[PDB]
Structure formats: C-alpha cells, structure tokens
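*Asks:* next input, structure requested:
(chains A, B, C, D, E, F, G and H, ligands or ions: 2)
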Amino acid sequence: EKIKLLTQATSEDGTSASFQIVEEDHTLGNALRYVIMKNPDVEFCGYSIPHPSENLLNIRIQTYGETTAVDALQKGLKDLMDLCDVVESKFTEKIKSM
Amino acid sequence: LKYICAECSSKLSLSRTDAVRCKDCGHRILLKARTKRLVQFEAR
Amino acid sequence: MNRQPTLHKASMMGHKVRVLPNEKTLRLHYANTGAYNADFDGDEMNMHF
Amino acid sequence: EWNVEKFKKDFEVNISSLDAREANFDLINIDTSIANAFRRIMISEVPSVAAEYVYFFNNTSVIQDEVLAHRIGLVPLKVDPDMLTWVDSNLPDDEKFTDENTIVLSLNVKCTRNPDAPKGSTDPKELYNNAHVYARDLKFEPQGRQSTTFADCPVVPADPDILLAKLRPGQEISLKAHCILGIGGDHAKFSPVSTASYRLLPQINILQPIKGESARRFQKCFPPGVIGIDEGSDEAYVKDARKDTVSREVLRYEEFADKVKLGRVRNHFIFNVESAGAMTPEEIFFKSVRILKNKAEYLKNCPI
Amino acid sequence: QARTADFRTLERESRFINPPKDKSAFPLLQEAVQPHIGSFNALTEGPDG
Amino acid sequence: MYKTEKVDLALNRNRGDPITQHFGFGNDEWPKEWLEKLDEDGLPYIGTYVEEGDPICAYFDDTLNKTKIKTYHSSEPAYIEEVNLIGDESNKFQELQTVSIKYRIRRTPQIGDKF
Amino acid sequence: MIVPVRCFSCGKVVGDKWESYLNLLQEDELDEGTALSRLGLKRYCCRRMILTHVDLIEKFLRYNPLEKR
RNA sequence: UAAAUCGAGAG
Ligand SMILES: [Zn+2]
Ligand SMILES: [Zn+2]
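*Replies:* Numbering: from 1, shown residues only, chains lettered A, B, ... in the order given. Ligands and ions are numbered 1, 2, ... in the order given. Here you go, the structure:
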C-alpha cells in the first residue's frame, strides 16, 4: 500500500488520475514528474505534498488519450530507472580512468 | 557506602535511627552516592 | 478559537479542526492574523470545544 | 522525442579530483531535478551506523548522561553500513538486537589522580590519569558470530581523537552502546556525509574587449585561477570558471558595468561530496543512485 | 582595519583551568555591586564605629 | 531545566513528640514494584528516569504501620540529578527528616519556543 | 560546555579539533584564522564552531564533590 | 485541595 489511486480525483476511462504515495517527498516526486513530462502522451503532470509534516505525495497525470495514466506512470518510472542506470554506468566507467 | 559528606568529601554510611552526621568532620549534609544500575538513554 | 483580549466579535471565530500528527502548538493559517490581531512571537490563544 | 539513449548520448561525467574524504566531480547534461535527487538522497537516505541505544551503568562525571549519550550518538563509526542488516522495531526489545544488526560498544573509564604529577604544573595530563575520555576509548566488543567477520575490520570510530568528556579523580563513566543501521532523514547522526552539495558551473561572458590596464583591473575582480591575459593585445579571457565563486565584485565598478555578464550553465553541476568516514565519497554517490533506482523499481512493482 | 577586538583565548581558557590566587580578574564586575557591599560595610565599620 | 523539591517528613510533629514516620521500607507488606526508583533507604536512585506517578521516597509510618510512598507531582518526566540528606544541628541524634531532591528535565527545542 | 562533536550547520566532525586548535594557538604563535585553516576549516560554519567555543567544562570540573578540596 | 497580599514575567 505504498501507492494508491485517488478515485475521487481520477477520470472514468483513466485518461486522468491522481496517485498518493507514502514515505516520499520532493526527491522522488520531482524526478518522476520531470521524467514523465518528457513522455509525449501526457498532457498535465505535477507533484503536490499535502502537508510537509505528513509523508504523502500526490502525482497528477492527465494524458492526451491513447494510453491510460496508470501506464504513463509505469513508463515514467521505467525511464527514471533507466536514467539511474546510465548515470551509474557513466560514473563507474569514468572513475577508473580518473 | 551510599553517602558522601558535602564538606570533606569522605564517604560514609548511615545506620537506622542514627544521626545524620559525617563521622570524620562536623557536617550534617550527606549527598546520596550514585550506585551501579542500568539507566537507558537515546542519542537524540 | 478565541485570543484574549477580544476587542471585537470577529476575534472569536469557529474553525474546522485538522488533527496534525507532530507538535504541541495550535497551528493556524496566516489569513486570520488581522482577524485576531495576532503574531507568532509566543502569542497564546484558546480553543473551546 | 526525448529518450534514454539520447540522454546517454549527451550525458557525461567529468571529475576534478578524488580522495577518501572529498570527491569533487561534475555531472553535465542532466536535469536539475536529478541532480537535486542525488544531492538529497546522498544527504538523507544512505544508510549508516551510529550509536542508538546507550545503556548506562554509572556516570559520576560532570556531564549529564543525556548529553553524554547524545555525544556518543554523534560519533561517526568507521564501519561499512553493508555489513549488518536492519532492526525490527516491532519485535520485543529482548530479541530486537541480534548479532546481524546490532554492534555492541563499551566504555569503562575511571579517573584516578597521579601521584607522580610534578609540582607547580597545571597540565591536566600530568595531574590526573584517564582524565580525558576519547573516542578511541570506545572499545569494540564483538558478539555472537561476528568475532570472525569483523576480525579483518576493527570497529573503531572514523575519528578516534574526538573528545567525549572530561573526568576528575573519583569520577567515572561506564556504559554500553548498541549502535544500529539507520538513514540520515531519521536523525542527522545517521547521516554518512559531512556535506554533499552541487553548484551550477559559473559562466562569464566578456561582451566587449577590455584590453589594457583595465584588463589588469578586471583580472583582479576574480580569483586568481579564472581570468588570463592575451600576449599581443592585453585582452582578458576566461580560463577555468570552476575557480570563481560568484562574488559579483566586478559589478561594483562603473567602469566594467556593460562589459561582462555572469550566469550559470543550465545542466553543468559541480558536485563536492565530503564523506563522514564510514565510506568513500564515491561509494556514497553510487549508493545514492542505486537506492533511487531501487525506489523507482519498488514503486513500479507496487500493485496500484 | 582599526576596530579590532579579539577573542582573549589562551587568556580565558587558562583562567578557566586555574583561577587567580591574587585578586579577582574583571574589577569592573566587583564595582557593579558597590551600592550594596559598600553600604552594608558602612553600618559597622568606618568612622564613629 | 533543574528543579529542586524538598521532601520533608518532619512537618507533622513538634515539641519533641516522637518521629512517627521513618524513611525507608517497613516490615509490613508492600508491592515490590516500588523498588524501581527507591533505594533501601527510601530515597531515589541517582540518575533514574522519573515519570509522573512513580514513587520518589518511601516512609514507614508509626501512626498506621503501613508503608506510604510519595509520588512525583509534575508533567514532564525527569531524571534524578542529586539528593541532599539535610541534617538538623541539634544535640540529639535526630533522624534524617529533610531531603532536597534536584531533578533535570531535557528542554530540547520544540516548535513554539521563543528564540 | 564542552566542544561539540560536529559542526551544527554542515555536519563536519569538529569534535577532535579543539585541543589541536589550542595547541596551534599556544605551542606555535598563530592567528586564529591560520590555525583554523591549518586544521581544515574553510567554511565559516565550521570555523565558528571552534573559533568561539569557551570550553566551560573546565570551570565545571573544579567543583568535584568526590575529592577533598 | 484553599484563599488572600507582595514580587517576577508572557502577549
Ligand atoms: Zn565530612
Ligand atoms: Zn560546518
């Protein structure tokens, strides 16, 4: 129950949705939001912290159609993982040359 | 020995009904000594 | 919520309660500052339930 | 059509120097979001080892026991966080600590006056014995099955010269310390980094030639290692902007008001990362990116 | 620079470890309580007993 | 924050009437739970964490022949910093009756503290 | 009272540079800035943690109740 | 368990 779908903020077909994730902050939210806004099928994406003291993070994903916003979130997460992989590889290969 | 004079710092003990006095000097104030017991804390 | 002295009626309003999880102080939004004529340099105020 | 291959094509890692206590490098052609994420995960989410539970058996020193235990908790430990698992707060405190996740330290230091203290000297070193309690006094006591695996690496503080307390004859300090694994967002003592911060690479644009003595003056308005002079025409140029803290002392002069512009590069981050002592700064950075990847992967695997 | 004060370290830490045996440093601090000490010491001692 | 409270058992006698209350645990029956804080002298162990409602001294009383214990009347849990067993300068071997217990409470900066 | 283990702002361990700072100010004639720099304290946040410490515990250690005065 | 008088403070 790390991430939940806010049924009271979503759309019927899934072309627009809101997600609430626990134990997260700006750090993951900004990375995921930038990465998913790089996806061309997503119209409006954003991150919002309800209250700073609470450890909650809401991600708003409104697509343009043709793909459910759940899948847009999955693709954004995948691209974040791949970006982390490439930075790890680049840093490792360049640390040895020095 | 569970008590310490507040003047000459010499350790002492007290018997039941006995006077509150340091044996080796004229003082009647006795700090309670700190004995070996578990006390927990948290470094926060 | 009221903050003595109550120089006018608007100084004793009714708020909806949000149960914050953390600290022991009445946390209040900025807008009501002129309404209670309050600051946050240790001003004290009372909540009646 | 931004894609991971395109980012890989533009992204590259440059390094200025390296050490076991300070790594200064560059991440270029990367978005501010990811640089911020690496900075923040380095500061906060990297596991480390520091003193959590401090059992006291006696403390007759002048320091109140809470402050002493807090000082012990602040003491960095030269132990790799990877050697031990995590604690289970939900289990009873009797079995919460095990040989795999709890490291037991001790401190039994008693002060006694030294008779051979020379007359007419105020030095606390000659007068008293065990007067000062230091971090190296935090004797490591392996438990259970960890007498083998920790034999190669003695659990010693990253700094053994840390002055914990000060004793006097008669006084004493005896305690045990269960230190465990925790992230730096829980408490700053668990942090593994002295400071891990980036800065946007400065960019100096000399809009007009400032040739002449003015260039000599213009060079003086920056640190030594940035501004140089041409040979033939005495004209200033930028050599290495990485050696210019943004002082903006040139704008203080009316003469060079409209001859220079100063800004930052959009995606040229200079990272300076100083390790606490438990791990190398490079391992801190790698652990940060790996934990971010694991975080995203776990989130992806979460059934919404 | 002219307005140069100084942390009197090695003068303060030393005075911490071994207090003076001759006369209390900071004479200005003693004179702060002149109205009280110098007055109670006027009812017994001084001229005329 | 250091706070000192003076526990006195000589409040209810005068004109040399006998001491009806003796510091410590009497010969009657008491629950052993009180041994968390009190020593065999009916005094708090130095450096113990004292909550509210925990005993801080035990006096066996002659008037009832039942062991009665005083409690900690404060909200902030404290640590027993020090104890002073004040004696009386009287020719008689008058028993210990006045105690000065000083506790420390950790005032970590919370939100709302004036700086 | 006693030297803090770490600098509050950044987090760098300055719990071992106290006696060294005293020595470098006393054994060798050094200005405060020179001694602080030679110990590895360039950020003013770390510099103020040792520059302005009083080390009051010395004055606290005279009043030992466990030793005859 | 009170209640007064004097003093110290917060806004
Ligand atoms: Zn004595
Ligand atoms: Zn610092």
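*Asks:* up against chain D, what does chain G have?
*Replies:* Counting by Cβ under 8 Å from any Cβ of the partner chain, chain G comes close to chain D at G:1-6, G:10-13, G:15-16, G:18-20, G:57-58, G:60-61, G:64, G:66-67. In short, each C-beta sits where N, CA and C put it, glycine included.
*Asks:* strands of chain G, start to end?
*Replies:* Applying DSSP state E to chain G gives no strands.
*Asks:* ok, and the closest non-adjacent residue to the spatially most central residue of it?
*Replies:* The residue lying closest to the centre of chain G (Cα atoms, centre = their mean) is residue G:18, at 3.1 Å. Leaving aside its sequence neighbours, residue G:18 sits nearest to residue G:3 (Cβ to Cβ, 6 or more residues apart in numbering or on different chains; 3.9 Å).
*Asks:* mind listing the strands for chain C?
*Replies:* Going by DSSP E, chain C shows no strands.
*Asks:* name the residue of it that lies nearest to chain D.
*Replies:* residue C:22 (14.8 Å; Cβ to the nearest Cβ).
*Asks:* how many neighbours does the residue of the stretch 151-300 of chain D at minimum distance from chain E have?
*Replies:* Relative to chain E, the nearest point of the stretch 151-300 of chain D is residue D:166 (10.8 Å; Cβ to the nearest Cβ). Residue D:166 has 22 neighbouring residues, counting by other Cβ atoms under 10 Å in any protein chain shown.
*Asks:* state the distance from it to residue F:2.
*Replies:* Here residue D:166 is placed at a distance of 20 Å from residue F:2 (Cβ to Cβ, to the nearest Å).
*Asks:* what sits against residue 37?
*Replies:* In the absence of a named chain, chain A is used. Residues counted as contacts of residue A:37 (Cβ atoms under 8 Å, 6 or more residues apart in numbering or on different chains) are residue A:45.
*Asks:* how far away is it from residue A:86?
*Replies:* 19 Å.
*Asks:* with residue F:101 instead?
*Replies:* For residue F:101, the distance to residue A:86 - Cβ to Cβ - is 65 Å.
*Asks:* the two - which one has more neighbours?
*Replies:* Just comparing residue F:101 and residue A:86: by other Cβ under 10 Å the higher neighbour count belongs to residue F:101, 24 against 18.
*Asks:* so what strands line up beside the strand ranked longest in chain F?
*Replies:* Longest strand in chain F, counting residues (DSSP E): strand F:78-86. Sheet pairing for strand F:78-86, assigned by DSSP bridges, gives strand B:29-32 (antiparallel), strand F:49-50 (antiparallel), strand F:98-104 (antiparallel).
*Asks:* just give me the neighbour total for the residue of chain C closest to chain D.
*Replies:* Neighbourhood size, residue C:22 [other Cβ under 10 Å]: 12.
*Asks:* find the nearest non-adjacent residue to it, please.
*Replies:* Nearest residue to residue C:22 in three dimensions, chain neighbours excluded: residue A:53, at 4.8 Å (Cβ to Cβ, 6+ apart).
*Asks:* would you agree that neighbour is in contact with residue C:19?
*Replies:* No - counting by Cβ atoms under 8 Å, residue A:53 sits too far from residue C:19 to count as a contact (11.3 Å).
*Asks:* before we move on, back to that, from the residues of chain G next to chain D, list the buried ones, please.
*Replies:* Buried by 16 or more other Cβ atoms under 10 Å in any protein chain shown: G:1-6, G:10-13, G:15-16, G:18, G:57-58, G:60-61, G:64, G:66, out of the residues of chain G next to chain D.
*Asks:* quick check: buried residues in stretch D:249-263?
*Replies:* D:250, D:256, D:259, D:260, D:262.
*Asks:* let me fix that, I meant to ask about stretch D:19-28.
*Replies:* By neighbour count on 16+ other Cβ under 10 Å, the buried set for stretch D:19-28 is D:23, D:24, D:25, D:26, D:27.
*Asks:* from residue D:240, how far out is the last one?
*Replies:* Shown here: residue D:27 relative to residue D:240, a distance of 18 Å by Cβ to Cβ.
*Asks:* what's the spacing between the closest residue to chain A within chain B and residue D:52?
*Replies:* Relative to chain A, the nearest point of chain B is residue B:44 (18.0 Å; Cβ to the nearest Cβ). Distance, residue B:44 to residue D:52, by Cβ to Cβ: 9 Å.
*Asks:* do residue D:95 as well
*Replies:* Residue D:95 is 16 Å from residue D:52, by Cβ to Cβ.
*Asks:* between these two, tell me which one has more neighbours.
*Replies:* Using other Cβ under 10 Å as the criterion, residue D:95 and residue D:52 rank with residue D:52 on top: 25 against 8.
*Asks:* helix or strand for the residue most central in space within chain A, which one?
*Replies:* Geometric centre of chain A, nearest residue: residue A:32, 3.3 Å, by Cα atoms, centre = their mean. Per DSSP states H and E, residue A:32 falls inside helix A:26-37.
*Asks:* centre of the chain to that helix, how far?
*Replies:* The chain centroid and the centroid of helix A:26-37 are separated by 5 Å under Cα atoms, centre = their mean, to the nearest Å.
*Asks:* after that helix comes which helix or strand?
*Replies:* Assigned by DSSP H and E, the successor of helix A:26-37 is strand A:42-48.
*Asks:* ok now that following strand, how far from the chain's centre?
*Replies:* Relative to the centre of its chain, strand A:42-48 is centred 9 Å away, using Cα atoms, centre = their mean.
*Asks:* do stretch A:52-65 as well
*Replies:* Offset of stretch A:52-65 from its chain centre (Cα atoms, centre = their mean): 8 Å.
*Asks:* which residues touch it?
*Replies:* A:6, A:9, A:11, A:15-25, A:28-29, A:32-33, A:36, A:41-50, A:69, A:72-73, C:20-22.
*Asks:* cheers, nothing more for now.
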